[PDB]
Structure formats: C-alpha cells, structure tokens
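Undergrad: I have a structure here, written as structure tokens, and I will follow up with some questions on it.
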Amino acid sequence: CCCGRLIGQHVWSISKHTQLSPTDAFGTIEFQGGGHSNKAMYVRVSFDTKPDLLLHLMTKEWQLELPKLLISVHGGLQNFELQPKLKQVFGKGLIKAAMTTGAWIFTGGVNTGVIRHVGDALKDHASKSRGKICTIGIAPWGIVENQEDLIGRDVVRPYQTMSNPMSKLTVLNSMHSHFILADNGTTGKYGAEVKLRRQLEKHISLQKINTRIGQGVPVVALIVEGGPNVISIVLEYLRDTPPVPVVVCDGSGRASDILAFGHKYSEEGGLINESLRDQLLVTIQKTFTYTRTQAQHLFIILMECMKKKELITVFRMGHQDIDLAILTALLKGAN
Amino acid sequence: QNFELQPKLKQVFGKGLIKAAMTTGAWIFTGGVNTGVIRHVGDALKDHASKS
Amino acid sequence: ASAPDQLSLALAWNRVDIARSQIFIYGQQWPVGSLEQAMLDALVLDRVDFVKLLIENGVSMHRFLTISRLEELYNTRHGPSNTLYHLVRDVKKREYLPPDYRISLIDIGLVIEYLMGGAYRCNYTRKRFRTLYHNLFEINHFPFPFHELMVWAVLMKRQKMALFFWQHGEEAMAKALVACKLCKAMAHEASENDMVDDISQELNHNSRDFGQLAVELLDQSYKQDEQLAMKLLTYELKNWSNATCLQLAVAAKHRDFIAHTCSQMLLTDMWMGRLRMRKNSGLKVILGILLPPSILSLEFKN
Amino acid sequence: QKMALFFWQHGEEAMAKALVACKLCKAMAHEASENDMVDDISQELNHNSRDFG
Amino acid sequence: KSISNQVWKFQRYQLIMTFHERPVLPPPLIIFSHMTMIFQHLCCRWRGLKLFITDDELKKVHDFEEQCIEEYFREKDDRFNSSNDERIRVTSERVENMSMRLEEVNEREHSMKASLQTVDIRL
Amino acid sequence: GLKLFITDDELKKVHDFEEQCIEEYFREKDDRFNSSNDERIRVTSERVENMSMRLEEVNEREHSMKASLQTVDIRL
C-alpha cells in the first residue's frame, strides 16, 4: 500500500488516513544474541508529540539524570566502510568524550551505516562498568525487524539479532542502552523520526542544566558521510540558533569530505577560488554522483555553510582522538 | 618585518645554524627583538639547541 | 543436513569461527531442545570456545542447568579425564565401589566436604537438597548456576573451561578462593595416593593460578573504594556455607590475601573492638585494665 | 608528590629543598607508622622520601 | 627470613579471631563470665566479621564485583599489548605484510612507468 | 668551618651553577628515556602501524591510478 504493508495486514492523515490511538507497546528488551546480554528499555512515541512529555519521561520515568553533553550521531543511512584505525580512533574518542562529559549519545538506532560504527565503538568501550550513558536511539517503528516481538505492556520481550539479508526491515543495534521508536503509522519509510529528533534535541538544549557554564545544555552534532541531506542538516546546525557546532569527521567521503574540502579552502566563507571550485563540482557530481542540476545548489549550500565556517571543525587521523574535536566544539558552541 | 616559512625549510636551516654554534663556539649577532628573522632563529635555537 | 547436526560436526572440527558465521545464520531454525543438547556436548568435549559462542547466541545458563543435565556432566568419561573417580572412592569408604556406579550430586557434595575441609558444608549436603534429590530420584534449576559449573571444572581438571565460568558469574572473590582450596587439596590427594606427579604439579599450578586471581581482584578493588572492598571481605556468603572471604582464604592458606593492606586494616580494626586509641598501645591498654578510673580518658568511636 | 616535583625543578636552592623534603617525608612516614594507619600511607611517604633523596 | 612478615600476618588471623571469641574475665575469673553467659541464655531462652548484609546492599556489592572483574582483564590485556615481547611480535608480522605489499607496489609501478612511455608514443 | 657564609654575588654564582645542573640532569633523564630499549620499541611499533595503514592506502590509490592509466591508453 502507500504505507508499504501487506494489503490484508492493516488492523499523517494525508493519503494514509490515520486515527490517533493510545500507545500500547512499551517496556524492556532482553537482547539475546550478539555476545553480552543487555537490557534496553523502549517506548513507542508518535512523531507529532510534545517534547516536554518525552523530557518528563526521560527524567523521571526513565531514571536518567540530565547529561552535560548531547553528542548526536547523524550520519549515513546506508551501510558503508571505513579505515580500521580510523574507526578505532573514532570509537575511542567517542567513548572517551562520553565518559568525560557523561553524555547522551543520539545514535540513529537501526543497525546500518554509522549506527553500526557506534555499536562497534561500544564494543571497544566494554561499558560493563559504566553503561549509564543513555545511548538513546531515535529509529522509526515501521522499519524495525520483528515488530510483533516488541509488542507488550511492561514485558521483557526477547529480541534476537536475526537480520535477514534480503529483508527491507533492519534489526536494532543490540548494544544501545535505550530506545525511542517514532511511529507515524506506516512501515518501512524513513523520515518519521527526523522532526521529533530535532525538537527533542532543541528541547534538551532548551533546558538550562544546573551548571550552565556557557549556557543551557550544550549540544554538539557529529557527521560521518551522509547523503546530500547531510549537507542539508549541516546547513541546519551550522546556521541554527544558538549556532550549534559540528565536528564533520573526515577520512570517510560522501558529504563530510566535500564539506572538509570546502572548509580547508573557504577563507571568509564565500572566499574560495573558481579553480578548485570547478574540481569541487566535478567530485560533487561525479564522485558523490549527485547530479549537477542540484550540484550548483550544493555550491550555494556549501558556501552558505562556510558563511559560518568556524563551528564546522574538521578532524583527521594521524593519538589525536576525536574527543579533542568534540571538546573543542563544546567550548566553541557555549557562549 | 615579521614573516613565516615552510616548516621543513625552517627545521633544516634552523637545525643547521645552531649546530654550527655547537662546534665552532661562535658568537651570534642578531637584531635581538622577536620579529621576523630574529623570531625565526629564536625558535630555531629553541628547536634543538635547547636539547644540546 | 539440519544445522543442529551440522553444528555437532563443527563441534568436532573445533572450527568455531566457521560455526559462528555459517552454522549460525539469520532465520536459521533451531528445533527446541537441540541447542541445549549441543551445549551439553560442548561442555563434555571441553570446547570452551564453543560454549562461549553458544552463550553468545544465548543458551540462558540458568534455564539450561538442571540436576540431571549437570549429573550427566559429572559422569561423562568423554573429554579430558580426571581424578574424581579416586576422590569419590575415599568418601564412599569413609562413610561406609563398582565401576558402573553412576556418581551423584549428593555424592560429590560429601567429596567437596572432604577436600575443602573443616566446615564448607555445601548446599548438596544441606537437608533441603537431599529431599529434592529424593523426590526426583524452576525448582530443579540451580539458582546461581555458574557456581555449580565452577566446582565441576575444578574437580574434573578443566582449566581454560574453569576460568571462563569465573568471569561470567557472581560472588567473584569467593569463587577464586574456593577454587584455590579445592585445587590445593586435590593436589594433596594426588600425592596422598602418590600417583603420577603430572596431576600433582598441574593441580598445584592451578591452585596457584586461581590463587592469584583472588589477590589482584582484591588489590584493584582497594583502588576502587576502600569501604566496599572491606564490605566484600566480610560479606556473608550463604552459597559458600555461610562464611566469609577471610574464612575461605585462611582455610585455603592464602597468606598474600591476608597480607594485602585491605585485610590487615580490617584485622587491626577488630583488635580495637569498639574503641579507638592505637598510638602508644600495649602500655595504654595495660593501664586501663589496672585502673578502671583511667579508661575515662580514652577516646571512643561514634 | 608530582606537584612537589614540578616545584622542585622550577626554582632554586634545590639541593636544600630536596634534602628537606626527604627529611619531612621520612618524618611523616615514621609518624604515620607511629599512628599505624594504612601502611600504604607509611610506605608511600617512605617511597616519597627515598625518591627525593 | 625470606618470607617472615607474611607468615606473621597469617598468624594474626588465628590470634584476632580466637581472642575475640572468648569470655571477658581472665582464666581464674572466667568462672564468673561463664555464669554470666549461662544466665544470658537461661533468661533469653526459657522464657564479628560477618556483616549480615541487606539485599539492596548485596545488589551494590555484586555490582561492585561486576565492575571489578572487567577493568582487571582490561589491565591484563594492555599489559600484554604493551609488554616488550608482544610489541616486538606485532612489529614483525606488520613488517612482513609491509614486505609483500610494498613488493606489489614497486612491481606494479613498473607497469605504470611503461604506460608513461606508451602514452608518450601513442599520443 | 664547613659553613662558609658567601658574599651575595658569589652566592648568585652558586645558584646559577645549581640551575645548570637541574637543567642538564632533566635533559639527561630525557635522553635516558628516549634511548632506553623499551621506548624505542614502543615508538617503532606505533610508527610501523602508521606506515602499514598508509602503505595500504598507497596500494589502493595505485590500483585506481593503474586502471586510470589503462583507460588513458584506451583513449590513445
């Protein structure tokens, strides 16, 4: 159907005609499979809910104290590969920043792409001694595999790591400590989690943590690769209010490399020469393959992003972990 | 006036002039004020003449 | 073939990384029962890598472990052989053997009594257990199963097996000390029947190894926090015959354990009792017992 | 201790400072043994004094 | 004298425990202290190093065991991955793989040098 | 007589001597660490691991370059 499900498997309103029902599946996941057993508590939340109820849930109903950092893990949605030492230095820096600031890690949640690198990062930080880090994931409900297994009020449901290689549904990462499942009523379609995640990250930054040394709760976003939508979400944070700094982790290609090649040669934002900008559009339209009709628009987004260069911190491998860049952006975007 | 150099050329020539002063025991007349060529040779002795 | 059967082929080949990639697969239907059955074969063939992976996919050791499943794990001659046979002969005769005699949970319990020595009066000889055993010859599922697997791999000499069940379990310091006492005394019985010196040295290496895994366990606990470390040392262990880490360690004769700083401070704070003076001791305690007026000038803890 | 070494390097009269720190640390060592606290404390102050020495 | 002190610390446990678990008056007077103990369990009957601990307290002690088992095996790993035998181990395999892989590169680069003169003539 | 009160200038000489001994001592120590067997093995190890990454990168690049040069020969 339009919702992607089977024609007989039924039972926004535009073309899906949804009706707003009370929530029914919430509780705890017993992760059998994948090495160590980890309990991860999950709540289904509609995509159009108020963020203050999720904040009240995460503070009182979830026994999670307010962190001093919000490391987001916005990245490539499809599965990719990295250098082994680059993934190792990335994971070590991420877990080191996570212990030093006590952060909540807003990883996507479904086990494909940069989320799989975050779960491998938690394999390095065994975290069998300090897993308090709320590795809270924001993945849509209709896309997770074995949706019938996670039905149940306050029930510790078994969830195997069974991930069929031809199935469109994606199993969740077994090493996350918490889960939020964004239900818009459809199955197998992206975009149901994005705006809820934006308003909860803004609502966490809305809270003034008791220190508020710079201000508020300081949120820092991390990007590894991504589509043109990663250039777009970079345009989101890099010109946001209060402008949220982002480490654009390099050595990986796709969006972050084009952003880095802009940022190394941008000077005062629009002060880039034509010469390398031509080879830029060649790689933007040929290496990343994004058609030139929109790669002119990728010029204007990239240069509008360099209009605030400063917050976009690069990182390179080659010791010298990413936690340098995370704490540096933490001190930039604080006022 | 103040300038800057490539790091490989600054390190090779900077190590060279200090290890002339190691062996010859020379006197090194400079401008004395830390700007430009005097600022470069101040970092040049702070490069390996501070470890020898 | 069906993947349970193909798993038992992998168990033989001992090619565990091919077994965790192809035998274990998405959607691969394991008929209920065969997964636990393959676990049992993995224990008795000493496939410690294979029990690591079969708990990694999950065998839920609490649910697997049963009185009769563990009993077959005590009578299996398959795998690396042992000294238990001889050790049961000592115990049967002292209380009062045919080779077909299939050993018992209560029967090894009285053995544990003989070598650990003194008290260590285990759950297998508690009267409550002898009535469940009488009635049967999650009630029959052992409460903290990993303890029962430790005592087994200690008695049937299985070292890389045993060290696995140590890390994955609970009552961690206790398990090390009990393993030390059980190995050392079996090493004594090795030389008491003065058999092959190979078993006597091997159990005595093992008594030392499971030995040190106590002392740096305490050592880095002291680095964590001094208080909770002492709380561990004096913690009353119902599963280990209602005793403490100090009592097991002195019964095992592990001086280093009663000589590392944390235990000594505990001992010194017991010689104080419920008073706090120290300093010029020896003389001040003598002056107190001779002058009951003079104790009124000595400090007391709150 | 590490703060004391940084103070030891940066400064003057360091021979005097070194030997005085040695005496003060050994003295704190036998006094803390005379209170028979953690012998790690007595041993720590004693290793301290041996180092400054 | 090689061992000494350790044997002494062992003999302390036997000492401290036994003198604790005795009645209060000295040998000629223990008679009175027995009759004090007897009268204590004839009025409470007819009519030290064991902290009975609470559940929430064994919950944090078992958790303290479970955060003290893992950090150790981390040290065991790092010690091995920094010990000067395994550091020389992992050099020699990596240099071995650097032998073959640079072997590939120099031999293949010779085809590319041929391609330079090939493109010079054919273009 | 083993307490030769010094004139303040000569005392300053004594201080500056002692400062030189401080500096050379710590410098020697740095030489004793940067030329002990242990640290040399450490630095060689880390640097060879870096070299092995970067040689793998050169090999992949070489593959791309060789294919590109073959394509240039195809267009020639």
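Ordering of the structure tokens sets the chain letters (A, B, ...), residue numbers begin anew at 1 in every chain, and ligands are numbered from 1 in the order given.
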Using only C-alpha atoms and a distance of at most 12 Å, pull out the residues of chain F that contact chain B, as a short mmCIF file (atom, residue, chain, number, x, y, z; two decimals) with C-alpha atoms, in the first residue's frame.
TA:
```
data_model
loop_
_atom_site.label_atom_id
_atom_site.label_comp_id
_atom_site.auth_asym_id
_atom_site.auth_seq_id
_atom_site.Cartn_x
_atom_site.Cartn_y
_atom_site.Cartn_z
CA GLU F 23 68.54 21.51 33.50
CA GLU F 24 71.26 19.09 32.30
CA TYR F 25 70.01 16.45 34.83
CA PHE F 26 66.48 16.53 33.42
CA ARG F 27 67.86 16.64 29.85
CA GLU F 28 69.99 13.51 30.57
CA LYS F 29 66.86 11.84 32.02
CA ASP F 30 65.02 12.60 28.75
CA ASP F 31 67.94 11.07 26.86
#
```
Undergrad: What's the 9 Å shell around segment 17-34 of chain D, counting only C-alpha atoms, without same-chain residues fewer than 2 positions away, as a ChimeraX atom specification?
TA: /C:278-280 /D:4,8,12-15,36-39,41-53
Undergrad: Counting only C-alpha atoms, which residues of chain E come no farther than 8 Å from chain A, as a ChimeraX atom specification?
TA: /E:66-67,70-71
Undergrad: Residues of chain E no more than 8 Å from chain F, counting only C-alpha atoms: send them over as a list in words.
TA: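 That gives residues 82, 84, 87, 88, 90, 91, 94, 95, 98, 101, 102, 104, 105, 109, 112, 115, 118, 119, 122 and 123 of chain E for chain E.
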Undergrad: Using only C-alpha atoms and a cut-off of 10 Å, which residues of chain C sit close to chain D? Please list them as a list in words.
TA: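 The answer, sorted by residue number, is residues 260, 261, 262, 264, 265, 268, 277, 278, 279, 280 and 281 of chain C.
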Undergrad: Using DSSP on the backbone coordinates, identify the residues of segment 79-300 of chain C assigned to alpha helix (DSSP H); present them as a ChimeraX atom specification.
TA: /C:84-95,105-116,127-135,145-155,159-167,172-192,197-224,226-234,245-252,261-272,283-290
Undergrad: What are the residues of chain A lining chain C at 10 Å or less? Count only C-alpha atoms, and put the answer as a list in words.
TA: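 That gives residues 31, 32, 33, 34, 35, 36, 37, 160, 161, 162, 163, 164 and 165 of chain A for chain A.
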Undergrad: I need the residues from that last selection saved to file as a PDB file, in the first residue's frame (with C-alpha atoms), if you can.
TA:
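Result file part-v1.pdb:
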```pdb
ATOM      1  CA  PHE A  31      18.902  -8.742  23.969  1.00  0.00           C
ATOM      2  CA  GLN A  32      19.681 -12.395  23.413  1.00  0.00           C
ATOM      3  CA  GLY A  33      22.382 -12.768  20.793  1.00  0.00           C
ATOM      4  CA  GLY A  34      25.390 -10.679  19.857  1.00  0.00           C
ATOM      5  CA  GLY A  35      27.685 -11.578  22.750  1.00  0.00           C
ATOM      6  CA  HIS A  36      26.774  -9.869  26.019  1.00  0.00           C
ATOM      7  CA  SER A  37      23.163  -9.628  27.175  1.00  0.00           C
ATOM      8  CA  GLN A 160      17.251 -11.846  18.733  1.00  0.00           C
ATOM      9  CA  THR A 161      19.915 -10.412  16.415  1.00  0.00           C
ATOM     10  CA  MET A 162      18.211 -12.227  13.497  1.00  0.00           C
ATOM     11  CA  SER A 163      18.728  -9.931  10.477  1.00  0.00           C
ATOM     12  CA  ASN A 164      17.597 -11.421   7.155  1.00  0.00           C
ATOM     13  CA  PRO A 165      19.946 -10.279   4.348  1.00  0.00           C
TER      14      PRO A 165
END
```
Undergrad: Name the residues in contact with residue 19 of chain B at a cut-off of 12 Å, using only C-alpha atoms, excluding same-chain residues fewer than 2 positions from it; report them as a list in words.
TA: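 Surrounding residues, per the criterion: residues 12, 13, 14, 15, 16, 17, 21, 22, 23, 24, 25, 26, 44, 45, 47, 48, 49, 50, 51 and 52 of chain B.
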Undergrad: How would the residues just picked look written out with N, CA, C and O atoms as a CSV table (one decimal), in the first residue's frame?
TA:
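Now in result-v3.csv:
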```csv
chain,number,residue,atom,x,y,z
B,12,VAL,N,65.3,22.5,8.8
B,12,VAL,CA,66.6,22.1,8.3
B,12,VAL,C,67.6,23.2,8.5
B,12,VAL,O,68.7,23.0,9.0
B,13,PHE,N,67.3,24.4,8.0
B,13,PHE,CA,68.2,25.5,8.2
B,13,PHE,C,68.3,26.0,9.7
B,13,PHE,O,69.4,26.4,10.1
B,14,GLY,N,67.2,25.8,10.4
B,14,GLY,CA,67.3,26.1,11.8
B,14,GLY,C,68.1,25.2,12.6
B,14,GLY,O,68.8,25.6,13.6
B,15,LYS,N,68.1,23.9,12.3
B,15,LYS,CA,69.0,22.9,12.9
B,15,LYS,C,70.4,23.1,12.5
B,15,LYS,O,71.3,22.8,13.2
B,16,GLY,N,70.6,23.7,11.2
B,16,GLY,CA,71.9,23.8,10.7
B,16,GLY,C,72.7,25.0,11.4
B,16,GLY,O,73.9,24.8,11.8
B,17,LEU,N,72.1,26.1,11.7
B,17,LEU,CA,72.8,27.2,12.2
B,17,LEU,C,73.1,27.1,13.7
B,17,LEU,O,74.0,27.6,14.2
B,21,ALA,N,76.8,26.6,15.8
B,21,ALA,CA,77.2,27.2,17.1
B,21,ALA,C,77.6,26.1,18.1
B,21,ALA,O,78.2,26.4,19.2
B,22,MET,N,77.2,24.8,17.9
B,22,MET,CA,77.7,23.8,18.8
B,22,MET,C,79.2,23.6,18.7
B,22,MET,O,79.9,23.5,19.7
B,23,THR,N,79.7,23.5,17.4
B,23,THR,CA,81.0,23.1,17.2
B,23,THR,C,82.0,24.3,17.2
B,23,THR,O,83.1,24.2,17.7
B,24,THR,N,81.6,25.4,16.5
B,24,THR,CA,82.6,26.5,16.4
B,24,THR,C,82.6,27.3,17.6
B,24,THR,O,83.6,28.1,17.7
B,25,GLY,N,81.6,27.2,18.5
B,25,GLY,CA,81.6,28.1,19.7
B,25,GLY,C,81.4,29.6,19.3
B,25,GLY,O,82.0,30.4,20.0
B,26,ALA,N,80.6,29.9,18.3
B,26,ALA,CA,80.6,31.2,17.7
B,26,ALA,C,79.8,32.2,18.6
B,26,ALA,O,79.1,31.8,19.5
B,44,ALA,N,64.5,28.6,16.4
B,44,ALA,CA,65.5,27.7,15.8
B,44,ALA,C,66.4,27.1,16.9
B,44,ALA,O,66.6,25.9,16.9
B,45,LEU,N,66.8,28.0,17.8
B,45,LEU,CA,67.7,27.5,18.9
B,45,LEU,C,66.7,26.8,19.9
B,45,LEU,O,67.2,25.8,20.6
B,47,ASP,N,64.6,24.9,19.1
B,47,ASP,CA,64.2,23.7,18.4
B,47,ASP,C,65.1,22.5,18.8
B,47,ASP,O,64.7,21.5,19.4
B,48,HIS,N,66.4,22.6,18.6
B,48,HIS,CA,67.4,21.6,19.0
B,48,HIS,C,68.6,22.1,19.8
B,48,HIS,O,69.4,21.3,20.3
B,49,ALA,N,68.8,23.5,19.8
B,49,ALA,CA,69.9,23.9,20.7
B,49,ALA,C,69.4,24.0,22.2
B,49,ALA,O,70.3,24.1,23.1
B,50,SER,N,68.1,23.9,22.4
B,50,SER,CA,67.7,23.8,23.8
B,50,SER,C,67.7,22.3,24.3
B,50,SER,O,67.5,22.1,25.5
B,51,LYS,N,67.9,21.4,23.4
B,51,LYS,CA,68.2,20.0,23.8
B,51,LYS,C,69.7,19.6,23.5
B,51,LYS,O,70.0,18.4,23.5
B,52,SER,N,70.6,20.5,23.4
B,52,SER,CA,72.0,20.3,23.2
B,52,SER,C,72.8,21.5,23.6
B,52,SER,O,72.8,22.5,22.9
```
Undergrad: Can you check which residues of chain A have any atom within 12 Å of chain F? Use only C-alpha atoms and format it as a PDB file with C-alpha atoms, in the first residue's frame.
TA:
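Contents of the output file iface06.pdb:
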```pdb
ATOM      1  CA  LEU A  82      35.908   2.966   6.886  1.00  0.00           C
ATOM      2  CA  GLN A  83      39.588   2.546   7.581  1.00  0.00           C
ATOM      3  CA  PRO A  84      40.072   0.197  10.582  1.00  0.00           C
ATOM      4  CA  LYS A  85      42.337   2.555  12.502  1.00  0.00           C
ATOM      5  CA  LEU A  86      40.022   5.468  11.645  1.00  0.00           C
ATOM      6  CA  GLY A 251      38.558  10.430   6.102  1.00  0.00           C
ATOM      7  CA  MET A 317      43.519  10.738  11.814  1.00  0.00           C
ATOM      8  CA  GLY A 318      47.265  10.960  12.372  1.00  0.00           C
ATOM      9  CA  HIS A 319      46.761   9.604  19.387  1.00  0.00           C
TER      10      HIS A 319
END
```
Undergrad: For residue 11 of chain D, list every protein, DNA or RNA residue within 10 Å, evaluated using only C-alpha atoms, and leave out those in the same chain fewer than 5 positions away; present the list as number ranges by chain.
TA: D: 6, 17; F: 15, 19, 22
Undergrad: For the residues in that selection, give me N, CA, C and O atoms as a compact mmCIF listing (two decimals), in the first residue's frame.
TA:
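Generated output (again_38.txt):
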```
# COMPACT_ATOMS: atom_id res chain seq x y z
N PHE D 6 57.30 19.17 40.34
CA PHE D 6 57.27 20.31 39.44
C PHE D 6 57.81 21.55 40.14
O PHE D 6 58.55 22.35 39.55
N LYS D 17 66.13 22.12 49.23
CA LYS D 17 64.74 21.74 49.08
C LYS D 17 64.54 20.23 48.99
O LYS D 17 63.64 19.69 49.63
N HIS F 15 73.96 29.61 42.88
CA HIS F 15 72.61 29.37 42.36
C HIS F 15 72.57 29.08 40.87
O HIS F 15 71.83 28.18 40.44
N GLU F 19 71.27 25.72 39.00
CA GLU F 19 70.25 25.75 37.95
C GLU F 19 70.69 25.01 36.68
O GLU F 19 69.89 24.31 36.04
N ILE F 22 70.38 21.35 37.36
CA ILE F 22 68.97 20.96 37.24
C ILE F 22 68.60 20.68 35.79
O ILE F 22 68.05 19.62 35.46
```
Undergrad: Taking only C-alpha atoms into account and nothing else, which residues of chain C lie no more than 8 Å away from chain E? Please answer as a ChimeraX atom specification.
TA: /C:167,170-173,217,220-221,228,231-232,234-236,243-244,250,255-256,258-259,264,267,270-271
Undergrad: Just N, CA, C and O atoms for this one: save the residues we selected as a short mmCIF file (atom, residue, chain, number, x, y, z; two decimals), in the first residue's frame.
TA:
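Done, and the output landed in part_15.cif:
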```cif
data_model
loop_
_atom_site.label_atom_id
_atom_site.label_comp_id
_atom_site.auth_asym_id
_atom_site.auth_seq_id
_atom_site.Cartn_x
_atom_site.Cartn_y
_atom_site.Cartn_z
N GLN C 167 34.77 -15.53 35.33
CA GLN C 167 34.45 -14.18 34.90
C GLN C 167 32.95 -13.98 34.72
O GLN C 167 32.40 -12.95 35.12
N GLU C 170 28.93 -14.61 39.50
CA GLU C 170 28.89 -13.65 40.60
C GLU C 170 29.65 -14.26 41.77
O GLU C 170 30.17 -15.38 41.67
N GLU C 171 29.66 -13.55 42.90
CA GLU C 171 30.46 -13.88 44.10
C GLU C 171 31.92 -14.13 43.75
O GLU C 171 32.53 -15.11 44.17
N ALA C 172 32.48 -13.20 42.97
CA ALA C 172 33.72 -13.36 42.21
C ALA C 172 34.95 -13.71 43.06
O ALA C 172 35.68 -14.64 42.72
N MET C 173 35.19 -12.94 44.12
CA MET C 173 36.32 -13.21 45.01
C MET C 173 36.17 -14.55 45.71
O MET C 173 37.15 -15.27 45.91
N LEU C 217 42.38 -9.34 42.37
CA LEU C 217 40.98 -8.98 42.45
C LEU C 217 40.71 -8.09 43.66
O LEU C 217 40.04 -7.07 43.56
N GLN C 220 42.83 -4.36 43.21
CA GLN C 220 42.28 -3.30 42.39
C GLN C 220 40.88 -2.91 42.89
O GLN C 220 40.40 -1.82 42.59
N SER C 221 40.24 -3.79 43.68
CA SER C 221 39.07 -3.37 44.46
C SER C 221 39.43 -2.32 45.50
O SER C 221 38.64 -1.40 45.75
N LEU C 228 33.84 -0.43 50.27
CA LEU C 228 33.11 -1.53 49.66
C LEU C 228 34.01 -2.76 49.48
O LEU C 228 33.51 -3.89 49.43
N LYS C 231 33.72 -4.40 52.69
CA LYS C 231 32.38 -4.97 52.69
C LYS C 231 32.33 -6.29 51.93
O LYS C 231 31.55 -7.18 52.26
N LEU C 232 33.15 -6.41 50.88
CA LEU C 232 33.29 -7.68 50.17
C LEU C 232 33.95 -8.74 51.05
O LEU C 232 33.48 -9.88 51.12
N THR C 234 34.07 -9.19 54.20
CA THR C 234 33.36 -9.57 55.40
C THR C 234 31.93 -10.01 55.07
O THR C 234 31.24 -10.59 55.92
N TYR C 235 31.51 -9.80 53.82
CA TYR C 235 30.28 -10.34 53.23
C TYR C 235 30.03 -11.82 53.51
O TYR C 235 30.85 -12.69 53.22
N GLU C 236 28.88 -12.07 54.13
CA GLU C 236 28.44 -13.41 54.48
C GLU C 236 27.81 -14.11 53.29
O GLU C 236 26.89 -13.60 52.64
N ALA C 243 29.86 -18.38 55.15
CA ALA C 243 31.15 -17.92 55.66
C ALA C 243 31.66 -16.70 54.89
O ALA C 243 30.91 -16.10 54.13
N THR C 244 32.92 -16.31 55.09
CA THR C 244 33.42 -15.07 54.52
C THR C 244 34.65 -15.32 53.67
O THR C 244 35.20 -16.42 53.64
N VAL C 250 41.76 -18.32 54.69
CA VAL C 250 42.64 -18.92 55.69
C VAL C 250 42.47 -20.43 55.69
O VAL C 250 43.39 -21.17 56.07
N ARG C 255 48.09 -16.72 52.33
CA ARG C 255 48.66 -15.60 53.13
C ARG C 255 48.59 -14.27 52.36
O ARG C 255 48.10 -13.28 52.95
N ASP C 256 49.06 -14.23 51.11
CA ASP C 256 49.09 -12.96 50.34
C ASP C 256 47.74 -12.24 50.49
O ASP C 256 47.73 -10.99 50.52
N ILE C 258 45.65 -12.43 53.06
CA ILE C 258 45.53 -11.91 54.46
C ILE C 258 46.80 -11.11 54.74
O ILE C 258 47.13 -10.90 55.92
N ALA C 259 47.53 -10.71 53.68
CA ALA C 259 48.68 -9.84 53.88
C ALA C 259 48.61 -8.59 53.03
O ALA C 259 49.42 -7.68 53.24
N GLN C 264 44.41 -6.50 56.26
CA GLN C 264 45.17 -6.18 57.50
C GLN C 264 44.47 -5.06 58.27
O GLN C 264 44.31 -5.19 59.51
N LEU C 267 41.60 -6.48 60.03
CA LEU C 267 42.05 -7.23 61.20
C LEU C 267 42.47 -6.30 62.34
O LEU C 267 42.19 -6.58 63.51
N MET C 270 39.64 -4.95 64.09
CA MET C 270 38.99 -5.87 65.00
C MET C 270 39.76 -5.99 66.31
O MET C 270 39.15 -6.22 67.36
N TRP C 271 41.07 -5.72 66.29
CA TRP C 271 41.82 -5.85 67.53
C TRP C 271 41.49 -4.65 68.39
O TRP C 271 41.46 -4.74 69.61
#
```
